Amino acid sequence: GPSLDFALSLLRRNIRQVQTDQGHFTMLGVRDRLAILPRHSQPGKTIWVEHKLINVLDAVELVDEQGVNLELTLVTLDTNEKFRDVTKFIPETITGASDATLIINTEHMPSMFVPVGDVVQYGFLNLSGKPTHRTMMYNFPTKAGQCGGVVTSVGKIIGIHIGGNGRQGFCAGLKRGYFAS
């Protein structure tokens, strides 16, 4: 079906299993050699991607216009070829959704689909003693090991999972402008 094929195609073409020194994460490749990680993955000069070590050419820990953490790291990778460009599926402004699917892809949780439900604008979040802006929330008890997971709804890629508190899950909202050249 259309939504199942979209999620499965994202898994195949854009959503990679990675390892850093901080463990297992999911990584969305967005276009060209640009990918996005949760900040707390703390990528070094190399990152394990699926089956090989990939050099990290740049890493930008994103902050807002007031300098508050957004809990996202934008990595430029020394990859052979370009990621299929999925920027057109990312909204221009941080937008919630109804009945979203969270897509996890690590060695421990490969090709995993999680029905998180409605995703709403949340804003400020204190995540592990790191204040964070531009978050959205879902009332779903997500678990450890799901950071970097891709929040999706009806052909839209809206957020990257950054944590939870046992009853709720939180993502960093995505804006298309983060990925402009």
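Quick note: we count residues from 1 along the sequence shown, nothing fancier.
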| property | result |
| --- | --- |
| Mean C-alpha B-factor comparison - 131 to 139 and 50 to 58, higher one | 131 to 139 |
| Entry-level comparison of average CA B-factors, 6 to 14 and 161 to 169, reporting the higher stretch | 161 to 169 |
| Residue selected from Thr152, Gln121, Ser41, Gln146 by maximal Cα B factor | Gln121 |
| Residue selected from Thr73, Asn80, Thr76, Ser111 by maximal Cα B factor | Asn80 |
| Third of the chain's Cα B-factor distribution that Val30 belongs to, per the entry | lowest |
| Chain-wide C-alpha B factor ranking for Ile36, given as lowest, middle or highest third | lowest |
| Third of the chain, ranked by Cα B-factor, where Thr87 sits | lowest |
| Chain-wide C-alpha B factor ranking for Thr93, given as lowest, middle or highest third | highest |
